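> okay, here's the opening piece of the assembly, coordinates as they are in the complex:
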Amino acid sequence: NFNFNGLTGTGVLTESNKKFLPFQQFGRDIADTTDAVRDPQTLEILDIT
């Protein structure tokens, strides 16, 4: 389980290859479910699967 800035969810927080632009905070699936997230402390990008 996780909570990122109030984004509750569950998954395996794989280290992402996705090339987030510096303004982007979250990634979304084709459904509106959250597909990736920036860590609010390290500001790395994680996949959520």
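Thanks, I have the structure now. Residues are numbered from 1 along each chain as shown, chains lettered A, B, ... in the order given.

> I figured residue A:36 hits residue A:24, correct?
No. Contact criterion Cβ atoms under 8 Å: residue A:36 and residue A:24 do not qualify, at 9.0 Å. All C-beta spots, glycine's among them, are computed from the backbone N, C-alpha and C.

> Of these two, which one has the most company?
residue A:36 (21 against 12; other Cβ atoms under 10 Å).

> any idea which helix or strand carries the more buried one?
Element membership for residue A:36 (DSSP states H and E) is strand A:34-38.

> can you check residue A:32 too?
Counting by DSSP H and E, residue A:32 is part of no helix or strand.

> From the centroid of chain A, which residue is nearest?
Residue closest to the average C-alpha location in chain A (Cα atoms, centre = their mean): residue A:37, at 1.3 Å.

> what bridges to that residue?
Assessed by DSSP bridges, residue A:37 has beta-bridge partners residue A:26, residue A:46.

> tack on chain B:
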Amino acid sequence: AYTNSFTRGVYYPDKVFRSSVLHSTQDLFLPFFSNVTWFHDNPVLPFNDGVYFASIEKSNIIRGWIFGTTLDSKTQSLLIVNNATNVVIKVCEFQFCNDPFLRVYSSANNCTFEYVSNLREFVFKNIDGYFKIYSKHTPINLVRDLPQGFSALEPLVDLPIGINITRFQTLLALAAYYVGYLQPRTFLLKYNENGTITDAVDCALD
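One more piece, chain B, placed on the ones above:
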């Protein structure tokens, strides 16, 4: 004088990474092949529901912008000045002069905000009490005409600052620039495998 927008003026409508997907967004965009005003002077231009602004310079001729309902100390006015060293963003009841050549203002009062940090391209939005800047600087073959082809502006600055804007101006040092107005349009945006917007359909165009 006027010119076509030539499919420029797309920007990322969300702070959301999207990739390998086509996304529809109803948002304030410069329409494809819209009728942009052209300049070389710096009038008290209308701002409407938002502006695409672009300029081509080789010697840093433009030095920023100012915005408000009056551009007078009766109301708060937003200023962005790019001085010789810094980008300075201020919100005050400024007393501006007749031309903001660089002597932009005599004084400032009742201040509420500050922020500090080729073809140049910008989009300005002022919606629901935010003000947002998107931009790109684009290398191009010539110094004085707006190009063909497509690229999407990245978000630059983003301010929770609550001003009311109907007028704006261009600041100048002691060059060709273009102004286009955003419309509420549905755009189908192509986000590629790197999640950059590479192309768009203006669903209203034809």
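
> From the contact counts, what lies against the strand holding residue A:36?
Packing partners of strand A:34-38 (3 or more Cβ pairs under 8 Å, 6 or more residues apart in numbering or on different chains; DSSP states H and E): strand A:7-9, strand A:26-28, strand A:45-47.

> Going by neighbour count, list what's buried in stretch B:93-102.
Buried residues in stretch B:93-102, counted by 16 or more other Cβ atoms under 10 Å in any protein chain shown: B:93-94, B:96, B:100, B:102.

> Need those in JSON lines (columns: distance to chain A and secondary structure).
Listed next are the buried residues of stretch B:93-102 as JSON lines, based on distance: Cβ to the nearest Cβ, whole Å; DSSP: H, G, I helix; E, B strand; the rest coil:
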{"residue": "B:93", "distance to chain A": "30", "secondary structure": "coil"}
{"residue": "B:94", "distance to chain A": "29", "secondary structure": "coil"}
{"residue": "B:96", "distance to chain A": "31", "secondary structure": "strand"}
{"residue": "B:100", "distance to chain A": "29", "secondary structure": "coil"}
{"residue": "B:102", "distance to chain A": "29", "secondary structure": "coil"}
